[PDB]
>>> print(open('target39.txt').read())   # compact mmCIF, C-alpha atoms
# COMPACT_ATOMS: atom_id res chain seq x y z
CA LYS A 3 219.98 84.82 19.37
CA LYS A 4 223.07 83.17 17.98
CA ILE A 5 224.91 80.17 19.46
CA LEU A 6 228.24 78.65 18.42
CA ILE A 7 228.87 75.04 19.40
CA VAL A 8 232.61 74.19 19.67
CA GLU A 9 232.55 70.39 19.68
CA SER A 10 234.47 67.77 17.68
CA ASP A 11 231.89 65.05 18.48
CA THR A 12 229.85 65.71 15.33
CA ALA A 13 226.92 63.48 16.34
CA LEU A 14 226.52 65.20 19.71
CA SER A 15 226.96 68.62 18.11
CA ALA A 16 224.21 67.93 15.56
CA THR A 17 221.80 66.72 18.27
CA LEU A 18 222.42 69.76 20.45
CA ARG A 19 222.16 72.08 17.46
CA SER A 20 218.78 70.60 16.56
CA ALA A 21 217.39 70.99 20.08
CA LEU A 22 218.57 74.62 20.21
CA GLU A 23 217.19 75.32 16.73
CA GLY A 24 213.83 73.84 17.72
CA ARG A 25 213.72 76.34 20.59
CA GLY A 26 214.41 79.14 18.08
CA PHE A 27 218.13 79.82 18.37
CA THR A 28 220.34 80.31 15.29
CA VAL A 29 223.18 77.83 15.67
CA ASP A 30 226.56 77.31 14.08
CA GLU A 31 229.06 74.50 14.71
CA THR A 32 232.84 74.16 14.62
CA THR A 33 234.99 71.12 15.23
CA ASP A 34 238.16 73.25 15.30
CA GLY A 35 239.31 74.27 18.75
CA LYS A 36 242.48 75.88 17.45
CA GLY A 37 240.38 78.23 15.37
CA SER A 38 237.47 78.90 17.69
CA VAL A 39 238.63 82.08 19.46
CA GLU A 40 239.21 83.90 16.21
CA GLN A 41 235.91 82.54 14.84
CA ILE A 42 234.12 83.96 17.91
CA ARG A 43 235.89 87.28 17.27
CA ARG A 44 234.72 87.48 13.70
CA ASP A 45 231.19 86.09 14.27
CA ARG A 46 230.33 87.27 17.83
CA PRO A 47 227.84 84.63 18.97
CA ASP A 48 225.51 85.52 21.78
CA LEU A 49 226.58 82.32 23.56
CA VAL A 50 229.17 79.55 23.12
CA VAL A 51 228.62 75.89 23.99
CA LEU A 52 232.16 74.63 24.54
CA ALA A 53 233.25 71.02 24.90
CA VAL A 54 236.12 70.13 27.19
CA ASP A 55 237.35 67.02 25.35
CA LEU A 56 238.14 68.54 21.94
CA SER A 57 240.16 67.08 19.13
CA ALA A 58 243.81 66.23 19.28
CA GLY A 59 243.92 66.33 23.05
CA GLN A 60 242.89 69.97 23.31
CA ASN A 61 241.53 71.21 26.64
CA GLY A 62 238.43 73.27 25.96
CA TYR A 63 238.80 74.96 29.43
CA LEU A 64 241.84 76.64 27.86
CA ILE A 65 239.66 78.16 25.14
CA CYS A 66 237.42 79.50 27.87
CA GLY A 67 240.54 80.93 29.49
CA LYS A 68 241.52 82.74 26.38
CA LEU A 69 237.99 84.12 26.04
CA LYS A 70 237.73 85.31 29.65
CA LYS A 71 241.05 87.04 29.37
CA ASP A 72 240.34 88.88 25.94
CA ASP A 73 238.89 92.29 26.66
CA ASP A 74 236.48 92.15 23.70
CA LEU A 75 235.37 88.51 24.20
CA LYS A 76 235.26 88.11 28.00
CA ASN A 77 231.52 88.81 28.30
CA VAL A 78 230.41 86.22 25.73
CA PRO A 79 228.51 83.67 27.85
CA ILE A 80 230.16 80.24 27.90
CA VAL A 81 228.38 76.94 28.70
CA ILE A 82 230.92 74.13 29.21
CA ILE A 83 229.89 70.59 28.29
CA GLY A 84 232.19 67.97 29.73
CA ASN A 85 232.94 65.50 32.48
CA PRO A 86 231.60 66.93 35.77
CA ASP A 87 234.80 65.66 37.46
CA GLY A 88 236.45 68.89 36.18
CA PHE A 89 233.77 71.43 37.14
CA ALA A 90 234.71 72.04 40.79
CA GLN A 91 238.28 73.01 39.81
CA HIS A 92 237.27 75.25 36.95
CA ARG A 93 234.51 77.08 38.87
CA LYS A 94 237.11 78.57 41.25
CA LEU A 95 239.15 80.23 38.57
CA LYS A 96 239.04 83.78 37.34
CA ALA A 97 238.22 82.37 33.91
CA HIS A 98 235.31 80.23 35.09
CA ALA A 99 232.50 79.58 32.60
CA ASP A 100 228.96 80.81 33.08
CA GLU A 101 227.23 77.37 33.21
CA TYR A 102 228.52 73.76 33.31
CA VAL A 103 226.51 70.86 31.84
CA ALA A 104 227.62 67.27 32.28
CA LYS A 105 228.31 64.84 29.51
CA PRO A 106 226.38 62.80 28.55
CA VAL A 107 224.42 65.91 27.74
CA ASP A 108 220.74 66.29 28.53
CA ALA A 109 219.78 68.38 25.50
CA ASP A 110 216.70 69.85 27.17
CA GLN A 111 218.78 70.94 30.14
CA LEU A 112 221.25 72.59 27.77
CA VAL A 113 218.44 74.49 26.06
CA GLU A 114 217.16 75.72 29.44
CA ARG A 115 220.59 76.91 30.50
CA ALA A 116 221.09 78.78 27.22
CA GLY A 117 217.78 80.56 27.75
CA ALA A 118 218.68 81.36 31.32
CA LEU A 119 221.87 83.07 30.17
CA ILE A 120 220.82 85.03 27.10
CA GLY A 121 217.04 84.81 27.09
CA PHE A 122 214.89 82.71 24.87
CA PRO A 123 214.22 83.76 21.29
CA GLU A 124 210.94 85.58 20.78
>>> encode(input="target39.txt", output="structure tokens")
Amino acid sequence: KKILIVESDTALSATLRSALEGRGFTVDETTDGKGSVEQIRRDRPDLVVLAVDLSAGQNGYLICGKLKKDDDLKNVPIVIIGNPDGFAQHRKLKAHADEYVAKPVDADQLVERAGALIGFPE
């Protein structure tokens, strides 16, 4: 089970990657929001952990929007990590994510949600 973390906070990304790896997921990381949709197309992760507050002012909800509108990528499960002050708005939309986890992230909660969406590695 393969996860891509799209997060420019490298310290957070490394922490979350380690928790997920300890549970048995294979995990990759990218700091590059501009590039992430095409990376997901080439690599096809089983799940994406997607930060809202990406580099250079990028809105990670917009990446989710591109993914939920792409016929080949719209079923990749998406866990948003971000300020919960944005979740109520985003949950209404056609391009809502599959799970929303507040920053500051509880790594164990994130691991649980990943397993809930794609199953735990066995």
>>> residues_around(input="target39.txt", residues="residue 112 (chain A)", least_positions_apart="3", cutoff="10 Å", atoms="only C-alpha atoms", output="list in words")
residues 18, 21, 22, 51, 81, 82, 83, 101, 102, 103, 104, 107, 108, 109, 115, 116, 117 and 118 of chain A
>>> closest_residue(input="target39.txt", among="A:85, A:20, A:60, A:38", to="residue 105 (chain A)", atoms="all atoms listed in the file")
A:85
>>> atom_distance(input="target39.txt", atom1="CA of residue 90 (chain A)", atom2="CA of residue 53 (chain A)")
16.0 Å
>>> residues_near_point(input="target39.txt", point="(220.9, 85.8, 18.2)", cutoff="12 Å", atoms="only C-alpha atoms", output="PyMOL selection string")
chain A and resi 3-6+22-23+26-30+45-50+116-117+120-124
>>> closest_residue(input="target39.txt", among="A:111, A:54, A:77, A:106", to="residue 89 (chain A)", atoms="all atoms listed in the file")
A:54
>>> atom_distance(input="target39.txt", atom1="CA of residue 34 (chain A)", atom2="CA of residue 97 (chain A)")
20.7 Å
>>> closest_residue(input="target39.txt", among="A:16, A:39, A:119, A:80", to="residue 65 (chain A)", atoms="only C-alpha atoms")
A:39
>>> atom_distance(input="target39.txt", atom1="CA of residue 31 (chain A)", atom2="CA of residue 98 (chain A)")
22.1 Å
>>> residues_around(input="target39.txt", residues="residue 32 (chain A)", least_positions_apart="6", cutoff="7 Å", atoms="all atoms listed in the file", output="MDAnalysis selection string")
chainID A and resid 7:9
>>> closest_residue(input="target39.txt", among="A:67, A:62, A:79, A:86", to="residue 33 (chain A)", atoms="all atoms listed in the file")
A:62
